[PDB]
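Trainee: One file is attached below, protein20.txt, containing compact mmCIF, C-alpha atoms and all ligand atoms.
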# COMPACT_ATOMS: atom_id res chain seq x y z
CA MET A 1 53.20 -5.50 15.51
CA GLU A 2 52.75 -8.81 13.67
CA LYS A 3 55.86 -10.94 13.33
CA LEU A 4 57.48 -10.90 9.91
CA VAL A 5 58.99 -14.05 8.41
CA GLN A 6 61.76 -14.41 5.84
CA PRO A 7 61.36 -16.92 2.99
CA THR A 8 64.46 -18.83 1.97
CA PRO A 9 65.56 -18.60 -1.68
CA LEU A 10 63.23 -21.06 -3.43
CA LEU A 11 60.04 -19.95 -1.69
CA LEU A 12 61.07 -16.32 -2.14
CA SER A 13 61.50 -16.92 -5.87
CA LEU A 14 58.03 -18.45 -6.10
CA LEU A 15 56.48 -15.59 -4.14
CA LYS A 16 58.06 -12.97 -6.37
CA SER A 17 57.02 -14.87 -9.49
CA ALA A 18 53.51 -14.46 -8.09
CA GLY A 19 53.96 -10.72 -7.74
CA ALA A 20 55.52 -10.28 -4.30
CA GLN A 21 57.94 -7.35 -4.13
CA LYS A 22 59.63 -7.62 -0.73
CA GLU A 23 61.76 -10.01 1.33
CA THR A 24 59.79 -10.32 4.57
CA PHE A 25 56.09 -10.99 5.06
CA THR A 26 53.42 -11.76 7.59
CA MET A 27 52.28 -15.37 7.43
CA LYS A 28 48.98 -14.06 6.07
CA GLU A 29 50.87 -12.45 3.19
CA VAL A 30 52.90 -15.57 2.44
CA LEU A 31 49.69 -17.60 2.34
CA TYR A 32 48.02 -15.04 0.11
CA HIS A 33 50.75 -15.17 -2.53
CA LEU A 34 50.90 -18.96 -2.38
CA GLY A 35 47.16 -19.05 -2.95
CA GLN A 36 47.59 -16.79 -5.97
CA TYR A 37 50.27 -19.09 -7.38
CA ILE A 38 48.14 -22.21 -6.88
CA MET A 39 45.16 -20.53 -8.52
CA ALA A 40 47.21 -19.17 -11.43
CA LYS A 41 48.81 -22.56 -12.12
CA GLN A 42 45.40 -24.24 -11.92
CA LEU A 43 46.62 -26.79 -9.37
CA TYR A 44 43.25 -27.40 -7.70
CA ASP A 45 41.57 -30.73 -8.35
CA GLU A 46 38.53 -30.21 -10.56
CA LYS A 47 36.08 -32.28 -8.49
CA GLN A 48 37.64 -32.17 -5.01
CA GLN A 49 38.45 -28.48 -4.85
CA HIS A 50 40.12 -28.69 -1.43
CA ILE A 51 42.90 -30.71 -3.04
CA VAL A 52 46.01 -29.11 -4.52
CA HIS A 53 47.96 -31.20 -7.04
CA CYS A 54 51.74 -30.71 -6.81
CA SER A 55 53.01 -33.80 -8.65
CA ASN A 56 53.51 -31.92 -11.93
CA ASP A 57 54.63 -28.62 -10.42
CA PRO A 58 57.76 -27.28 -8.71
CA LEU A 59 55.57 -26.60 -5.66
CA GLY A 60 55.81 -30.33 -5.00
CA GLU A 61 59.55 -30.14 -4.37
CA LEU A 62 59.18 -26.90 -2.43
CA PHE A 63 56.63 -28.38 -0.01
CA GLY A 64 57.87 -31.97 -0.20
CA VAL A 65 54.49 -33.48 -1.10
CA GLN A 66 52.53 -34.75 -4.10
CA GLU A 67 49.10 -33.52 -2.97
CA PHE A 68 47.83 -31.59 0.00
CA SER A 69 44.48 -30.35 1.25
CA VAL A 70 43.81 -26.65 1.84
CA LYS A 71 41.85 -27.78 4.89
CA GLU A 72 44.93 -29.16 6.66
CA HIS A 73 46.23 -25.86 7.99
CA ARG A 74 48.80 -27.11 10.48
CA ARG A 75 50.37 -29.16 7.69
CA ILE A 76 50.53 -26.13 5.39
CA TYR A 77 52.16 -23.98 8.07
CA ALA A 78 54.75 -26.73 8.59
CA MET A 79 55.55 -26.96 4.88
CA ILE A 80 56.01 -23.19 4.76
CA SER A 81 58.13 -23.05 7.91
CA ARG A 82 60.69 -25.44 6.42
CA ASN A 83 61.13 -22.64 3.88
CA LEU A 84 61.60 -19.76 6.31
CA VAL A 85 64.81 -18.52 7.90
CA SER A 86 65.25 -19.57 11.53
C1 LIG B 101 42.64 -16.69 -4.25
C2 LIG B 101 41.40 -17.50 -4.48
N1 LIG B 101 40.22 -17.03 -4.69
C3 LIG B 101 39.27 -18.14 -4.90
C4 LIG B 101 38.64 -18.06 -6.29
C5 LIG B 101 37.63 -18.96 -6.67
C6 LIG B 101 37.05 -18.87 -7.93
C7 LIG B 101 37.49 -17.88 -8.82
CL1 LIG B 101 36.77 -17.77 -10.41
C8 LIG B 101 38.49 -16.98 -8.45
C9 LIG B 101 39.06 -17.07 -7.19
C10 LIG B 101 40.13 -19.42 -4.64
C11 LIG B 101 39.99 -20.53 -5.66
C12 LIG B 101 40.61 -20.46 -6.91
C13 LIG B 101 40.48 -21.51 -7.82
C14 LIG B 101 39.72 -22.63 -7.45
CL2 LIG B 101 39.58 -23.99 -8.55
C15 LIG B 101 39.09 -22.69 -6.22
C16 LIG B 101 39.22 -21.64 -5.33
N2 LIG B 101 41.49 -18.89 -4.51
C1 LIG B 102 40.82 -22.33 -0.02
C2 LIG B 102 41.93 -21.50 0.58
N1 LIG B 102 42.02 -21.16 1.81
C3 LIG B 102 43.23 -20.35 2.00
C4 LIG B 102 44.09 -20.92 3.09
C5 LIG B 102 44.78 -20.06 3.95
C6 LIG B 102 45.58 -20.57 4.96
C7 LIG B 102 45.71 -21.95 5.10
CL1 LIG B 102 46.81 -22.59 6.30
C8 LIG B 102 45.00 -22.82 4.28
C9 LIG B 102 44.19 -22.30 3.27
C10 LIG B 102 43.91 -20.32 0.60
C11 LIG B 102 45.25 -20.99 0.56
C12 LIG B 102 45.35 -22.32 0.14
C13 LIG B 102 46.58 -22.95 0.06
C14 LIG B 102 47.73 -22.25 0.43
CL2 LIG B 102 49.28 -23.07 0.39
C15 LIG B 102 47.66 -20.92 0.83
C16 LIG B 102 46.41 -20.29 0.91
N2 LIG B 102 42.95 -21.05 -0.23
As structure tokens, please, write out the structure in this file.
Ligand SMILES: CC1=N[C@@H](c2ccc(Cl)cc2)[C@@H](c2ccc(Cl)cc2)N1
Ligand SMILES: CC1=N[C@@H](c2ccc(Cl)cc2)[C@@H](c2ccc(Cl)cc2)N1
Mentor:
Amino acid sequence: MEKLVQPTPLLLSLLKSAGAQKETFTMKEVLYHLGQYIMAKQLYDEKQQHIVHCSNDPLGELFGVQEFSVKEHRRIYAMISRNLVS
């Protein structure tokens, strides 16, 4: 069975605002809901669509960055892990 992870309060609140309805998730599920949030908030750069703008959004504080690239996967996993229960 795939390992389930447990978002801490702020990430959990974001995930549920995006439609999530449980407390533990596979990493694939966490990433899915985050992608939905980013899409819904229109955070992608208009010309460089790999870039997510966080400087005007609470996601910036959650991840601790101003922009990130969807192509930097290790970085994204790290930003999520800081928001998972150890
Ligand atoms: C969950 C997801 N599906 C893709 C998509 C792509 C286009 C559309 Cl219309 C819907 C979903 C992608 C996306 C969303 C927005 C942008 Cl700017 C770039 C990539 N995110
Ligand atoms: C273009 C695209 N690829 C997916 C992905 C899936 C996994 C990873 Cl590590 C990167 C991009 C998804 C995404 C983007 C950003 C986040 Cl935070 C979550 C999901 N959007």
Trainee: How would you report the residues lying within 6 Å of ligand LIG 102 (chain B), as a list in words, if you count only C-alpha atoms and all ligand atoms?
Mentor: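 So, counting only C-alpha atoms and all ligand atoms, the residues near ligand LIG 102 (chain B) are residues 31, 32, 34, 35, 70, 71, 73, 76 and 77 of chain A.
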Trainee: Taking every listed atom of ligand LIG 101 (chain B) and adding 5 Å to each side, what centre and edge lengths in Å (one decimal) does the axis-aligned box have, as lines of an AutoDock Vina configuration file?
Mentor:
center_x = 39.7
center_y = -20.3
center_z = -7.3
size_x = 15.9
size_y = 17.3
size_z = 16.2
Trainee: Record the distance separating CA of residue 63 (chain A) and atom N1 of ligand LIG 101 (chain B), expressed in Å with one decimal.
Mentor: 20.5 Å
Trainee: Tell me, as a PDB file with C-alpha atoms, keeping the file's coordinate frame, which residues lie within 6 Å of region 39-52 of chain A, counting only C-alpha atoms; anything in the same chain fewer than 3 positions away does not count.
Mentor:
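Below is the file result26.pdb, written as the result:
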ATOM      1  CA  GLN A  36      47.590 -16.790  -5.970  1.00  0.00           C
ATOM      2  CA  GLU A  67      49.100 -33.520  -2.970  1.00  0.00           C
ATOM      3  CA  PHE A  68      47.830 -31.590   0.000  1.00  0.00           C
ATOM      4  CA  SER A  69      44.480 -30.350   1.250  1.00  0.00           C
ATOM      5  CA  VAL A  70      43.810 -26.650   1.840  1.00  0.00           C
TER       6      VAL A  70
END
Trainee: What is the distance, in Å and to one decimal place, between atom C5 of ligand LIG 101 (chain B) and CA of residue 38 (chain A)?
Mentor: 11.0 Å
